[PDB]
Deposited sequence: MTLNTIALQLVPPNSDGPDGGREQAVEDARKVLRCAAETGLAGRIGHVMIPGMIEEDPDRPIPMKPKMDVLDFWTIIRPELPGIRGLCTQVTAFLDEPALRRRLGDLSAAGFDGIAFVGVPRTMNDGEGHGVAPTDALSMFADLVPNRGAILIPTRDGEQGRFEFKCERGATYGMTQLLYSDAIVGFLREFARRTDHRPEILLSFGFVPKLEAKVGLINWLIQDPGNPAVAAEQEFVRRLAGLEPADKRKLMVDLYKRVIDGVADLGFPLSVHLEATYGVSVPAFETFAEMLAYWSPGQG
């Protein structure tokens, strides 16, 4: 079990002559600075590096190439003394031998958890993500499945992934208490008690203009998600202290709602638009209420 506070850090664009290395160092230093400014120095235990970024097909200008997960960690690891690694990893291009090689490399580099994921919709000889969960379990021994508590059929989908060896579930961004009802029914139906990495994403006013979070959580026809998107739209437009209050209230509703269910809990902090002092001001008040 991780019992950790994880901060998501997206690898920089690698299309420059430095391959993103200067940007990676500055990003790490911005993390330390923002944590220090908000009373969170030394509190973040892990960085969550995604090894997959879904691309919105309707965005006019394309994503640039991104730094490899392990290249990125190698650069930022010296700048974040004491912080360890978590990641997601695409397994579609990793046969069983190559999956053991990648796992050994990530373990040796200091990664403690790995969530196996699929390929973006707009992009094949390896293991399916759910088959990888139980392989070479001594390497990076925290093995993550993605958990979206609003998604149709998620009770049977996530139960199966626990059967196949998931030790933790990394949630989609949480903008309602749907995870409370989900885990209450999961605990009732099953004996599985994976660690839950509860994901919380700061919403700046830029979301009102860009709508990236709204798109990241979209599920057309799902009324529970519609409610979440309405919550995100509301937050985007509220004044800074108002959106902090509402996000902290949501945090408290989730933590209280799941605290007696028997799942180990970690916290996954996300700033989709980039780390900032306002994001960390919100994180700090959340973690002041409850921290793993």
Legend entry - Missing CA stretches, deposited numbering from 1, N-terminus first: 1, 125-128, 298-300
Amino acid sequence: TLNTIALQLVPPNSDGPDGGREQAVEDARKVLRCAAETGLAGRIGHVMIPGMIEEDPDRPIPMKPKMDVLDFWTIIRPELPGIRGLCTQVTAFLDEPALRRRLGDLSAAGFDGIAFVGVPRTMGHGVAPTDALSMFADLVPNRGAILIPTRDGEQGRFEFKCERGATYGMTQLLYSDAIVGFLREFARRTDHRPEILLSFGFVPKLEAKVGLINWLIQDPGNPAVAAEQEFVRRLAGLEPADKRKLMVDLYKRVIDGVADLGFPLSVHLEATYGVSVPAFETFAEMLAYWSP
From here on, numbers count along this sequence of modelled residues.
Legend entry - Stretch with the greater mean C-alpha B-factor as recorded in the entry, comparing 196-204 against 93-101: 93-101
Legend entry - Higher-scoring stretch by recorded Cα B factor average, 57-65 or 243-251: 57-65
Inset, instruction - Tell me, please, which of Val119, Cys87, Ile217, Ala187 has the highest C-alpha B factor according to the deposited entry? - result: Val119
Inset, instruction - Compare the CA B factors listed in the entry for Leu183, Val127, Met170, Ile76 and report the winner. - result: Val127
Inset, instruction - Grab the CA temperature factor for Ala132 from the record and place it in the lowest, middle or highest third of its chain. - result: highest
Inset, instruction - Using the B-factors in the PDB entry, rank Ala108's C-alpha atom against the chain and give the third, lowest, middle or highest. - result: highest
Inset, instruction - Pull the Cα B-factor of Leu238 out of the PDB entry and bin it into the chain's lowest, middle or highest third. - result: highest
Inset, instruction - Would you mind ranking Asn3 by its C-alpha B-factor against the rest of the chain and naming the third, lowest, middle or highest? - result: middle
Legend entry - Third assignment of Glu159 from its chain's C-alpha B-factors: middle
